[PDB]
Amino acid sequence: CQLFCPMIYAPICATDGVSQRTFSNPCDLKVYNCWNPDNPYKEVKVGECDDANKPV
């Protein structure tokens, strides 16, 4: 876990095999997986992605 959050509005898409979710910023995402072991997310790209996309 690396916690360094900049003040910018950038949506990011991350998929953990299941239908993906979009966060307000990459730093807001990393914190979620860090202390939440049962519900982790894997970063694909910074955007809005669907379930028909390729894993990055």
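Reconstructed Cβ throughout: ideal geometry from the backbone, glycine too, with neighbour counts over all protein chains shown. Each value in this text was obtained by applying a stated rule to the coordinates, not by laboratory testing.
Quick notes on this structure:
- Shown here: the chain, whose C-alpha atoms stretch 31, 26, 14 Å along the first, second and third principal axes, sorted largest to smallest.
- The chain: calculated mean residue ellipticity at 222 nm from DSSP helix runs of at least 4, using -39500 (n - 2.57): -5000 deg cm²/dmol
- Computed over the chain: relative contact order in percent, which uses C-alpha pairs under 8 Å that are six or more apart: 39
- Cross-link partners for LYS30 among the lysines, with Cα-Cα distance under 16 Å and sequence neighbours closer than 8 places in the same chain left out: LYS42, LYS45.
- Couplings 3J(HN,Hα) for the stretch 17-30, derived from phi with the Karplus relation 6.51 cos²θ - 1.76 cosθ + 1.60 (θ = phi - 60°), are x, 8, 3, 7, 10, 10, 9, 7, 5, x, 6, 5, 7, 3 Hz, where x marks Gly and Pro.
- Counted charge near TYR32, where neighbours are those whose Cβ lies closer than 14 Å (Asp, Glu -1; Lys, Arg +1): -1
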